[PDB]
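All remarks here apply to the structure that follows.
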Amino acid sequence: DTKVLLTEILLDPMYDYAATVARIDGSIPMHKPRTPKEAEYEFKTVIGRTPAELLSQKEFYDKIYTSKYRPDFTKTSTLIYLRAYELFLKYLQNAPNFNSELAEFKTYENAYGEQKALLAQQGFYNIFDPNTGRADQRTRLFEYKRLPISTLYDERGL
Amino acid sequence: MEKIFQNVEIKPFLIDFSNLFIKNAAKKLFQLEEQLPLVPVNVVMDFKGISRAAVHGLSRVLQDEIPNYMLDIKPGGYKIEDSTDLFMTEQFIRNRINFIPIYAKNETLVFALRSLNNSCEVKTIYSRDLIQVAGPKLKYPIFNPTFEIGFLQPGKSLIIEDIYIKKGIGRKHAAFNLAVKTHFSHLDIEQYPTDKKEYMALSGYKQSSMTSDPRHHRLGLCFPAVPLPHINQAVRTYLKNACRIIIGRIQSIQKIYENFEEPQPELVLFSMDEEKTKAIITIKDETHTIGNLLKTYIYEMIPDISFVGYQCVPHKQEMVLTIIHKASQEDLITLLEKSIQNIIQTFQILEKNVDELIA
Amino acid sequence: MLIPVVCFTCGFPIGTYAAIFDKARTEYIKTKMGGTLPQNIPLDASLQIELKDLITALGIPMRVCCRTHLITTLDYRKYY
Amino acid sequence: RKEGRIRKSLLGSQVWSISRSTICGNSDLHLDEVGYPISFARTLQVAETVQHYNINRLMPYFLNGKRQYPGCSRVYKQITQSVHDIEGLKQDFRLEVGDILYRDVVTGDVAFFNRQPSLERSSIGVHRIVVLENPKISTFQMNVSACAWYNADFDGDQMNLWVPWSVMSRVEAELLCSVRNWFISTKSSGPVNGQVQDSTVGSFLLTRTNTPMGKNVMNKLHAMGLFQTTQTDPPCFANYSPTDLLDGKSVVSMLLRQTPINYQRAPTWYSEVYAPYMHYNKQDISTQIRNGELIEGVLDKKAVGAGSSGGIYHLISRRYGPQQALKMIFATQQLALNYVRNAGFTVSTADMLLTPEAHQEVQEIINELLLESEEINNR
Amino acid sequence: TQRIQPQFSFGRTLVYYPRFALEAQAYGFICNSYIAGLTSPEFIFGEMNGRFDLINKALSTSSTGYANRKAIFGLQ
Amino acid sequence: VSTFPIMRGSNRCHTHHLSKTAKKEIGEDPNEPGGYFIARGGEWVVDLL
Amino acid sequence: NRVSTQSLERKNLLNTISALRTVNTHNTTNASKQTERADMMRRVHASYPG
Amino acid sequence: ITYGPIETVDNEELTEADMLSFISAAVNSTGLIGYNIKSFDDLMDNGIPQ
Amino acid sequence: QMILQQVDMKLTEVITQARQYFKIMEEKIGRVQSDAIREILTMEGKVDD
Amino acid sequence: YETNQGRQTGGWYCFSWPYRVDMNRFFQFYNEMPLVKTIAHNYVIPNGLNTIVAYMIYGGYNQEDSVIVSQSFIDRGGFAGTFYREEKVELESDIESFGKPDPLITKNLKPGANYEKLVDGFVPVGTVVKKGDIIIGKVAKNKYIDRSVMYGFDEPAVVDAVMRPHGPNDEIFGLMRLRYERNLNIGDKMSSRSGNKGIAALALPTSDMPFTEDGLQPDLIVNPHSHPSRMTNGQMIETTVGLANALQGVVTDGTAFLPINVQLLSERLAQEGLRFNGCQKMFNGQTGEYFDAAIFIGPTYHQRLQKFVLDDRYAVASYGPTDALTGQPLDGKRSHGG
Ligand SMILES: [Mg+2]
Ligand SMILES: [Zn+2]
């Protein structure tokens with residue numbers, strides 16, 4: 001009963017998210033567990049209930065780990081990360097509002113993505129025509145230039 | 001003699017802090033307002049009265065045939081139990097650490113990397129985070145502290161405990177490469193104006209390489225990390241060590257020559273038809289440096305040679321030098337020993353000139 | 001995932017100035033981009049961003065390989 | 001159907017003792033040689049039956065065993081009529097007569113080289129094995145002039161290689177299926193192999209009368225360096241001073257004097273469509289070889305190219321055998337490559353760029369073409 | 001052996017050329033060199049030619065296989 | 001009655017209601033758009049027919 | 001089956017994007033167009049551009 | 001809508017590199033993949049229920 | 001042919017003698033020291049004289 | 001050809017790669033934006049590197065689509081990455097379980113197998129596994145018959161991740177992930193963005209590589225003969241433009257059908273101190289002798305195609321699995337015989 005629970009929850013990405021949040025907050029050791037005792041302690045802190053306690057009742061998402069930082073949201077990277085984890089938890093728990101909070105945070109994350117995309121620019125540069133200070137449009141392409149008929153025939157029509 | 005290694009120019013590569021962007025970035029990244037403890041140094045050397053083979057062999061040795069030091073991770077140094085980061089793999093960090101240029105005098109130094117990201121931001125790991133755990137305390141750093149080893153995701157850690165100093169040569173692993181090529185030119189061969197359309201497809205020299213024998217050369221080599229105060233000493237040590245390496249490698253094949261009468265697997269002698277004697281010298285793990293030097297000096301010592309040549313085939317990993325001469329085995333051996341002595345004399349003169357030119 | 005510690009072609013330690021170069025390039029680019037959005041910078045036909053003077057001030061030599069690997073290498077943390 | 005019993009199991013078959021790998025070029029291998037990675041040489045084995053004449057030769061293989069190359073993996077003892085592991089035979093000291101030793105593949109062994117689709121009689125050929133002792137090489141290396149047998153190129157092609165282990169198969173491989181038998185095409189009755197790409201251009205550059213630098217000559221040191229990798233006995237340069245100048249025709253004659261042939265044909269270099277422009281050297285447009293001596297003309301695709309009927313290699317095969325032809329192909333390829341090692345050869349963007357005047361001329365020509373088209377339209 | 005057929009519409013070779021166009025460019029005449037660069041209709045015609053080359057190369061293997069197997073079994 | 005396969009990134013996907021950071025932390029590619037099906041472990045893209 | 005699908009081969013991101021933008025010809029067992037139509041359907045058609 | 005006169009449009013300074021902006025706008029409108037997720041959402045919302 | 005043959009058999013006998021010595025040096029005197037004999041006997045080539 | 005090759009190019013195949021257990025996936029560590037980029041790189045991350053390429057003849061080792069590669073460029077991480085293999089094994093029924101078999105557990109223990117390095121039936125993460133090693137020990141039902149799976153691959157691997165998830169049938173299974181250090185090897189396929197495939201035929205040390213008078217040396221040496229018949233002039237133009245881009249510190253757009261003038265770009269090369277062509281005086285690295293002709297050398301974006309010779313090569317001995325029907329060997333490397 002506990003083995004299936006452990007293999008189902010330890011491979012849940014929600015468990016890894018809550019575990020890394022706890023590691024950031026310092027509630028669990030920064031390293032992966034090396035003994036069964038500290039693995040059980042990590043499960044207790046991350047899930048919020050012991051594996052035996054979970055098998056008794058039905059609620060799962062209510063006791064998942066919450067940040068101790070209390071990051072007043074209303075420098076930027078930490079706020080974005082903590083708000084993202086809080087919204088992930090609220091989505092799992094089916095919070096009352098969620099959707100409006102999700103839209104607001106998606107706008108803020110769009111702004112932060114704008115800043116990050118600014119950090120990712122390597123410079124462009126355009127080759128300019130010296131005569132016209134714009135993108136160079138000079139080419140060696142073919143021009144029709146209808147020719148006089150003397151280039152193909154002589155005065156005798158040959 | 002007569003100072004074969006003529007004047008040498010030494011020019012370190014320094015950060016121009018007059019640039020506002022560079023100054024601000026350095027100040028707010030590393031609190032750096034002065035030059036780094038280790039800087040690259042550009043060494044331009046003029047050589048007169050010396051074959052192109054010797055100068056290029058010195059360049060090749062300084063590039064990837066001189067012993068050099070690297071930072072390396074011992075097996076099990078990467079702590080799998082403690083390295084929670086999923087992107088900073090052992091291969092990636094090992095590649096970054098292997099190629100950090102280090103100027104180390106003591107090989108017993110051991111460093112450790114204990115970077116723990118207990119924040120919500122991605123944390124960059126710098127070489128300044130490489131703390132020494134073994135060996136004498138470094139009075140001067142052996143590497144610059146501005147290298148980005150890697151980055152840690154929030155809540156992730158990277159633990160490496162056995163970063164030690166490894167010795168090797170560049171031709172085996174490139175992290176032992178010492179000098180990068182900066183300039184090479186012959187000052188005794190006239191050059192065309194290559195900015196014109198008539199000469200832009202040619203090399204520029206006014207003599208064909210198939211007929212020219214330059215004896216005046218300018219060699220430019222850059223060393224990646226030498227201490228800022230002791231630049232001249234580092235360059236002098238590098239040049240001397242290259243000369244010693246060449247001399248020792250030449251003496252290694254000279255020792256084969258002294259036992260031509262005793263059966264040696266490396267040296268084989270024949271007497272084919274017309275009083276000619278053929279000598280074949282096969283050296284395993286020998287490069288083009290020794291083969292080219294040997295061929296050049298044998299050909300100089302025996303201008304009337306029937307045939308001299310070598311092949312460093314990329315497979316079979318060996319150098320096979322073939323000498324054919326209208327002589328006997330004894331006289332051929334004396335001539336080859338004389339050529340070896342000429343090579344040794346030339347490189348000892350180079351060592352002396354290095355000593356008396358870079359103070 | 002980072003600017004290489006040394007130039008891939010010749011082994012010059014371009015990674016000594018990689019962080020400083022990245023920061024200074026960001027600051028310099030911010031002074032050349034006008035109203036264009038950051039993701040539209042590679043599409044702006046009026047942009048003329050030159051990093052030659054920045055790299056020279058860093059002390060990196062005028063080497064094709066070194067400047068190429070310094071200015072073209074992608075940083076993983078900027079995309080992840 | 002193809003996957004059915006007949007076509008998949010009777011007409012073809014899956015086999016043991018066979019290897020496959022990507023093929024790459026190796027100009028230091030002879031045309032009848034193949035580069036075999038050592039890890040494959042310790043996987044495929046040759047069955048040598050221990051007798052009185054070979055016991056001394058086979059003893060080092062037995063002693064090396066599975067720990068050192070060249071060694072062995074299995075021994076088929078005749079007294080027990082069964083196969084014995086080499087690690088269990090530590091007490092045998094020597095080998096008995098009638099024993100069968102499965103030794104590692106060594107340099108000089110014959111191997112069957114095959115590239116699918118097998119469409120020609122030369123699609124399977126026998127090459128002498130050259131074992132590549134570099135552990136980081138996993139490819140089947142071959143000379144670029146050997147690719148014409150298999151219609152192969154080094155862009156991802158994979159070839160099958162199996163070493164004959166039985167005595168009859170080895171006899172046949174070295175007597176019947178060697179690639180020297182496929183030098184002359186069964187299809188076209190002409191030569192298959194020759195100089196390709198860099199070798200053709202190198203032959204032209206070496207045999208041309210003049211360079212942009214003047215007369216195409218080299219000193220004695222560089223003339224000797226042309227024969228460094230030819231794998232032949234070098235010619236004598238004792239009658240040459242260090243300042244003496246040798247033209248490329250002289251070294252080509254030094255190489256070709258071993259198999260004297262008579263050749264007289266205009267080179268591919270001289271084209272009548274090019275003649276109005278350019279200025280052809282009169283000594284470069286009439287290639288003549290008399291008794292192995294290159295008198296005049298350049299060597300290019302017509303004389304040394306692969307598949308060139310009537311070329312120098314075809315004549316060498318006709319007068320001295322296709323093995324001599326393959327050896328001469330390797331020697332001349334080495335000569336050309338060693339010449340290019342100093343002459344240099346490149347292509348640039350400016351090589352394909354017309355001058356503005358030439359661009360105007362081209363535009364005028366295309367305008368005339370379009371004007372004729374417009375006249376037809378007006379009609 | 002023939003020029004580009006008007007397959008876009010009745011009398012049209014491409015959307016870039018008018019119906020019943022008489023200019024040579026509308027029927028696959030490429031006036032530009034590779035080094036000069038091709039325009040979009042020129043590149044489309046060149047892509048048609050190259051796709052023809054690729055199709056012929058691809059089905060050459062199969063057709064040669066069929067004919068070769070038949071000939072081998074007839075002559076072996 | 002049964003279950004129905006859900007396109008990644010669709011309205012019925014869980015990553016639809018997660019931010020880029022949350023998608024990053026749960027092992028999803030934050031910059032990928034999705035558009036594939038996760039069936040029997042593998043990833044499957046329904047092409048345009 | 002009128003569903004055109006393939007395994008998501010994650011060789012790179014360009015491979016994934018191109019897989020999501022791939023248009024596949026319809027496959028039918030009875031005919032499959034094994035005539036001169038075979039090389040007609042593989043050509044660049046004049047309606048393709050854009 | 002009565003558009004302005006075409007004779008007063010200033011376009012001589014428009015470069016071919018400026019049309020990359022139009023292509024980028026088109027790509028942003030499409031998203032390069034958005035059609036498939038849109039069609040699956042349509043199937044889920046109306047297709048299967050109907 | 002004969003001189004190349006005579007040196008050939010001489011070499012094969014020498015190699016056989018050396019490696020027969022080496023196997024004996026496994027039971028008599030252990031591997032770790034014997035594997036040290038071969039190690040620095042190979043970097044001077046030998047290993048077979 | 002480039003449309004085909006650009007999709008097989010190694011790079012950052014997924015940004016969530018450490019979270020996935022994927023088979024035959026290659027993650028290339030270093031990727032560069034092309035010096036001459038296009039509009040496509042605004043929407044997909046570029047895959048490849050701006051390798052310095054010398055278009056020349058060097059010993060005949062780059063003939064017929066071969067390329068000479070710098071060994072130093074390979075060592076420094078050029079096109080290096082990690083190759084990932086997955087090993088999913090399932091318990092057939094309740095009569096099978098995960099564990100380390102013993103001599104009494106044998107009934108069929110594999111000859112020459114290791115059966116060591118197994119902790120709780122699985123090889124721990126971070127352990128090097130060779131050809132004969134047994135990864136994941138499974139026993140059925142002596143009192144037990146061995147059903148453990150062997151490594152088998154010629155190339156050694158490292159256990160990167162191992163899990164014990166439940167399957168769709170609510171049963172536990174395997175899924176070990178194996179990690180391979182994959183540097184650029186001889187025989188690895190490379191390509192430019194113009195469709196010019198190249199097999200690495202030779203790796204040369206730094207001293208053996210040709211170098212310019214200013215010290216520039218190539219990562220790759222590409223045969224000039226690959227150009228004429230193929231007419232991949234875009235690669236030449238990209239090299240010419242990137243030569244000036246590198247010295248100018250710029251990243252020019254080279255999207256198709258943009259206004260292009262090769263003469264103006266070649267003139268732009270002259271304003272950077274270089275020749276009108278991209279050709280420079282180079283010296284032979286092995287002999288130190290200059291070439292009589294200036295050699296066109298410059299930065300060309302190159303892609304490592306995910307066709308690894310270590311995965312394609314195969315050699316089999318006279319023994320192995322045979323078809324029960326025909327008695328013939330099984331099919332291919334995957335079946336370990338054929
Ligand atoms: Mg091919
Ligand atoms: Zn560099």
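Scheme for the structure tokens: letters A, B, ... for chains in order shown; per-chain residue numbers from 1; ligand numbers from 1 in order shown.
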- request: Go through the chains and note each residue within 9 Å of ligand 2, using only C-alpha atoms and all ligand atoms, then give the set as a ChimeraX atom specification.
  value: /B:180 /C:6-14,61,63-69 /J:215-217
message: Residues within 10 Å of residue 14 of chain G, please, as a list in words. Count only C-alpha atoms; anything in the same chain fewer than 3 positions from it doesn't count.
response: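 The filter keeps residues 10, 11, 17, 18, 19 and 20 of chain G; 3, 6, 7, 8, 9, 11, 13, 40, 41, 43, 44, 45, 46 and 47 of chain J.
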Once you have the residues from the selection above, write them out as an mmCIF file, in the first residue's frame, restricted to N, CA and C atoms.
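Output file part08.cif is given in full below:
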data_model
loop_
_atom_site.group_PDB
_atom_site.id
_atom_site.type_symbol
_atom_site.label_atom_id
_atom_site.label_comp_id
_atom_site.auth_asym_id
_atom_site.auth_seq_id
_atom_site.Cartn_x
_atom_site.Cartn_y
_atom_site.Cartn_z
ATOM 1 N N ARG G 10 12.354 14.171 -31.221
ATOM 2 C CA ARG G 10 12.914 15.402 -30.669
ATOM 3 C C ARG G 10 14.403 15.508 -30.996
ATOM 4 N N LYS G 11 14.697 15.533 -32.296
ATOM 5 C CA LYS G 11 16.067 15.780 -32.730
ATOM 6 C C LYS G 11 16.512 17.185 -32.345
ATOM 7 N N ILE G 17 8.906 21.740 -34.410
ATOM 8 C CA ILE G 17 8.061 22.741 -35.056
ATOM 9 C C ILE G 17 7.690 22.300 -36.466
ATOM 10 N N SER G 18 8.658 21.767 -37.215
ATOM 11 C CA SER G 18 8.376 21.286 -38.561
ATOM 12 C C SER G 18 7.425 20.098 -38.548
ATOM 13 N N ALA G 19 7.528 19.231 -37.539
ATOM 14 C CA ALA G 19 6.577 18.135 -37.407
ATOM 15 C C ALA G 19 5.171 18.662 -37.169
ATOM 16 N N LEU G 20 5.044 19.729 -36.382
ATOM 17 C CA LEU G 20 3.725 20.298 -36.138
ATOM 18 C C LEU G 20 3.174 21.047 -37.346
ATOM 19 N N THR J 3 16.799 21.556 -45.675
ATOM 20 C CA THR J 3 15.557 21.314 -44.945
ATOM 21 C C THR J 3 15.586 19.949 -44.277
ATOM 22 N N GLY J 6 18.760 20.215 -41.555
ATOM 23 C CA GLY J 6 18.529 21.109 -40.437
ATOM 24 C C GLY J 6 17.647 20.522 -39.358
ATOM 25 N N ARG J 7 16.852 19.511 -39.693
ATOM 26 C CA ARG J 7 15.995 18.840 -38.728
ATOM 27 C C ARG J 7 16.668 17.653 -38.053
ATOM 28 N N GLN J 8 17.786 17.167 -38.590
ATOM 29 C CA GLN J 8 18.576 16.124 -37.953
ATOM 30 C C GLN J 8 19.746 16.687 -37.159
ATOM 31 N N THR J 9 19.851 18.008 -37.059
ATOM 32 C CA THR J 9 21.010 18.641 -36.452
ATOM 33 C C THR J 9 20.962 18.537 -34.935
ATOM 34 N N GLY J 11 21.570 19.617 -31.111
ATOM 35 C CA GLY J 11 21.503 20.870 -30.390
ATOM 36 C C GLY J 11 20.769 20.716 -29.076
ATOM 37 N N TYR J 13 17.900 19.790 -27.905
ATOM 38 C CA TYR J 13 16.742 19.098 -28.463
ATOM 39 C C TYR J 13 15.484 19.354 -27.647
ATOM 40 N N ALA J 40 14.353 32.585 -39.666
ATOM 41 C CA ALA J 40 13.946 31.370 -38.969
ATOM 42 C C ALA J 40 14.496 31.316 -37.551
ATOM 43 N N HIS J 41 15.677 31.890 -37.324
ATOM 44 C CA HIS J 41 16.279 31.876 -35.997
ATOM 45 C C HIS J 41 15.576 32.805 -35.021
ATOM 46 N N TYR J 43 12.464 32.310 -34.438
ATOM 47 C CA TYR J 43 11.403 31.447 -33.940
ATOM 48 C C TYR J 43 11.886 30.093 -33.451
ATOM 49 N N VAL J 44 13.006 29.592 -33.959
ATOM 50 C CA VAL J 44 13.602 28.360 -33.465
ATOM 51 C C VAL J 44 15.031 28.652 -33.039
ATOM 52 N N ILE J 45 15.443 28.024 -31.947
ATOM 53 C CA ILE J 45 16.817 28.189 -31.461
ATOM 54 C C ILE J 45 17.779 27.596 -32.483
ATOM 55 N N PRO J 46 18.847 28.299 -32.853
ATOM 56 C CA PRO J 46 19.798 27.736 -33.814
ATOM 57 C C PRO J 46 20.543 26.544 -33.236
ATOM 58 N N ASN J 47 20.848 25.590 -34.111
ATOM 59 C CA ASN J 47 21.565 24.375 -33.741
ATOM 60 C C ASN J 47 22.808 24.272 -34.615
#
- request: Check every protein, DNA and RNA residue against ligand 1, keep those with an atom at most 12 Å away (counting only C-alpha atoms and all ligand atoms), and present them as a ChimeraX atom specification.
  value: /D:22-24,115-117,147,150-159 /J:64-66,189,196-199
File of the preceding selection, N, CA and C atoms, as a tab-separated table (two decimals), in the first residue's frame:
chain	number	residue	atom	x	y	z
D	22	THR	N	30.44	3.07	-41.11
D	22	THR	CA	30.59	4.18	-42.03
D	22	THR	C	31.97	4.16	-42.66
D	23	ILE	N	32.05	4.61	-43.91
D	23	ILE	CA	33.31	4.65	-44.64
D	23	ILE	C	33.77	6.10	-44.75
D	24	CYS	N	35.06	6.31	-44.54
D	24	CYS	CA	35.68	7.62	-44.69
D	24	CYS	C	36.96	7.46	-45.50
D	115	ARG	N	29.42	-2.71	-50.69
D	115	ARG	CA	28.50	-1.59	-50.49
D	115	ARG	C	27.18	-1.90	-51.18
D	116	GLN	N	26.10	-1.79	-50.43
D	116	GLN	CA	24.79	-1.96	-51.04
D	116	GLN	C	24.27	-0.63	-51.56
D	117	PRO	N	23.51	-0.64	-52.67
D	117	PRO	CA	23.09	-1.79	-53.48
D	117	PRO	C	24.22	-2.38	-54.31
D	147	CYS	N	36.78	4.08	-54.38
D	147	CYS	CA	35.34	4.29	-54.33
D	147	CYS	C	34.65	4.01	-55.65
D	150	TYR	N	32.78	0.69	-55.95
D	150	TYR	CA	31.53	0.53	-55.22
D	150	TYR	C	30.53	1.65	-55.46
D	151	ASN	N	30.87	2.64	-56.29
D	151	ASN	CA	30.04	3.83	-56.47
D	151	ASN	C	29.75	4.49	-55.12
D	152	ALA	N	30.79	4.60	-54.31
D	152	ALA	CA	30.68	5.07	-52.94
D	152	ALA	C	31.22	6.49	-52.81
D	153	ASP	N	30.73	7.18	-51.78
D	153	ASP	CA	31.25	8.48	-51.37
D	153	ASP	C	31.22	8.55	-49.85
D	154	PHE	N	32.01	9.48	-49.31
D	154	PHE	CA	32.16	9.57	-47.86
D	154	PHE	C	31.21	10.60	-47.27
D	155	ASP	N	29.90	10.42	-47.48
D	155	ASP	CA	28.90	11.33	-46.94
D	155	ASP	C	27.87	10.61	-46.07
D	156	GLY	N	28.20	9.44	-45.54
D	156	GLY	CA	27.28	8.70	-44.71
D	156	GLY	C	27.09	7.27	-45.17
D	157	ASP	N	27.77	6.91	-46.26
D	157	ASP	CA	27.68	5.57	-46.81
D	157	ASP	C	28.22	4.55	-45.82
D	158	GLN	N	27.55	3.41	-45.73
D	158	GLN	CA	27.97	2.30	-44.89
D	158	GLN	C	28.30	1.10	-45.77
D	159	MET	N	29.37	0.40	-45.42
D	159	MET	CA	29.83	-0.75	-46.19
D	159	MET	C	29.98	-1.95	-45.27
J	64	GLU	N	35.69	13.69	-51.57
J	64	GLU	CA	34.40	13.03	-51.69
J	64	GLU	C	33.59	13.10	-50.39
J	65	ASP	N	33.29	14.34	-49.99
J	65	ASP	CA	32.46	14.68	-48.84
J	65	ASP	C	33.11	14.37	-47.50
J	66	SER	N	34.42	14.13	-47.47
J	66	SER	CA	35.10	14.02	-46.19
J	66	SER	C	35.54	15.40	-45.72
J	189	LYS	N	28.80	12.54	-38.98
J	189	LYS	CA	28.36	13.34	-40.11
J	189	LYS	C	28.19	14.80	-39.71
J	196	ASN	N	25.59	20.59	-47.57
J	196	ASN	CA	26.85	19.93	-47.88
J	196	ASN	C	27.22	19.01	-46.71
J	197	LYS	N	26.83	17.75	-46.82
J	197	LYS	CA	27.15	16.77	-45.79
J	197	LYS	C	28.65	16.48	-45.77
J	198	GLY	N	29.14	16.12	-44.59
J	198	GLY	CA	30.55	15.81	-44.43
J	198	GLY	C	30.83	14.81	-43.34
J	199	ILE	N	31.59	13.77	-43.66
J	199	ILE	CA	31.99	12.75	-42.70
J	199	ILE	C	33.38	13.11	-42.20
Where does chain J meet chain E within 12 Å, residue by residue, with the nearest atom pair and distance in Å to one decimal for each, counting only C-alpha atoms, listed by chain and rising number, as CSV?
residue,atom,partner,partner_atom,distance
J:1,CA,E:54,CA,10.0
J:228,CA,E:34,CA,11.7
J:230,CA,E:34,CA,11.4
J:231,CA,E:34,CA,7.8
J:232,CA,E:34,CA,8.8
J:233,CA,E:35,CA,6.4
J:234,CA,E:35,CA,8.0
J:235,CA,E:35,CA,10.9
J:236,CA,E:35,CA,9.5
J:237,CA,E:35,CA,8.4
J:238,CA,E:35,CA,11.8
J:254,CA,E:37,CA,11.9
J:255,CA,E:37,CA,11.7
J:256,CA,E:37,CA,8.7
J:257,CA,E:39,CA,6.3
J:258,CA,E:37,CA,9.1
J:259,CA,E:37,CA,8.6
J:260,CA,E:37,CA,7.1
J:261,CA,E:36,CA,6.9
J:262,CA,E:35,CA,7.2
J:263,CA,E:36,CA,9.5
J:264,CA,E:36,CA,11.6
- request: Identify all chain B residues at most 6 Å from chain J by counting only C-alpha atoms; ligands do not count. Present them as a list in words.
  value: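 Selected residues: residues 56, 60, 86, 171, 174, 181, 182, 183, 184, 195, 201, 202, 203 and 288 of chain B.
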Prev. selection, N, CA and C atoms, output as a CSV table (one decimal), in the first residue's frame:
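The resulting selection-v9.csv:
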chain,number,residue,atom,x,y,z
B,56,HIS,N,59.5,26.6,-36.8
B,56,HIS,CA,58.2,26.0,-36.8
B,56,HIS,C,58.1,24.8,-35.8
B,60,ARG,N,55.5,24.6,-32.8
B,60,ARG,CA,54.6,23.4,-32.6
B,60,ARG,C,54.8,22.9,-31.2
B,86,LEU,N,20.2,19.4,-12.3
B,86,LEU,CA,19.9,18.5,-13.4
B,86,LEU,C,20.5,18.9,-14.7
B,171,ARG,N,48.9,17.5,-27.8
B,171,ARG,CA,48.6,16.6,-28.8
B,171,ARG,C,47.8,15.4,-28.4
B,174,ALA,N,43.6,18.6,-25.8
B,174,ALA,CA,43.8,20.0,-26.2
B,174,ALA,C,43.8,20.9,-25.0
B,181,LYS,N,48.7,30.4,-31.9
B,181,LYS,CA,49.4,31.1,-32.9
B,181,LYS,C,48.9,32.5,-33.2
B,182,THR,N,49.8,33.4,-33.2
B,182,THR,CA,49.4,34.8,-33.4
B,182,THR,C,50.0,35.4,-34.7
B,183,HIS,N,51.3,35.1,-35.0
B,183,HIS,CA,51.9,35.6,-36.2
B,183,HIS,C,53.0,34.6,-36.7
B,184,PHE,N,53.2,34.5,-38.0
B,184,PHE,CA,54.3,33.8,-38.6
B,184,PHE,C,54.6,34.4,-39.9
B,195,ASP,N,46.7,43.7,-51.7
B,195,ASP,CA,45.5,44.5,-51.8
B,195,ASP,C,45.0,44.8,-53.2
B,201,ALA,N,45.0,36.5,-55.1
B,201,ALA,CA,44.9,35.1,-55.1
B,201,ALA,C,46.2,34.4,-54.7
B,202,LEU,N,47.3,35.1,-54.6
B,202,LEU,CA,48.6,34.5,-54.2
B,202,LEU,C,48.8,34.8,-52.8
B,203,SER,N,49.8,34.0,-52.2
B,203,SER,CA,50.1,34.1,-50.8
B,203,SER,C,50.6,35.5,-50.5
B,288,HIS,N,55.5,15.6,-36.6
B,288,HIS,CA,56.2,16.2,-37.7
B,288,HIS,C,57.4,17.1,-37.2
message: Taking the DSSP secondary structure from the backbone, can you list the residues of segment 57-302 of chain J that are strand (DSSP E), as a count of residues only?
response: 69
message: So, with only C-alpha atoms as the atoms that count, which of A:9, A:14, A:149, A:141 lies closest to residue 43 of chain A?
response: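 Nearest candidate to residue 43 of chain A out of A:9, A:14, A:149, A:141: A:9.
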message: Can you pull out the residues contacting residue 323 of chain B? Cut-off 6 Å, using only C-alpha atoms, and skip same-chain residues under 5 positions away; I want them as a count of residues only.
response: 4
Residues of chain A within 9 Å of chain E, counting only C-alpha atoms, as a list in words: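 Here they are: residues 139, 140, 141, 142 and 143 of chain A.
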message: Give me, as an NGL selection string, the residues of chain A touching chain C, with the criterion being at most 6 Å (counting only C-alpha atoms).
response: :A and (117-118 or 120 or 123-126)
message: Just want the 7 Å neighbourhood of segment 35-49 of chain D, counted on only C-alpha atoms, with same-chain residues fewer than 4 positions away dropped. Output as a list in words.
response: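 Listing them by chain and then by number gives residues 17, 98, 99, 100, 101, 102, 103, 104, 105, 106, 129, 130, 131, 132, 133, 135, 137, 138, 139, 140, 141, 142, 163, 164, 165 and 166 of chain D; 315, 316 and 317 of chain J.
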field: Nearby residues (only C-alpha atoms) at most 9 Å from residue 32 of chain F, same-chain spacing under 3 positions excluded, as a PyMOL selection string
entry: (chain F and resi 28-29) or (chain G and resi 13+16-17) or (chain J and resi 14-15)
- prompt: So which residues touch residue 35 of chain I within 10 Å, counting only C-alpha atoms, skipping near sequence neighbours fewer than 6 positions away, as a VMD selection string?
  reply: chain I and resid 22 25 to 26 41
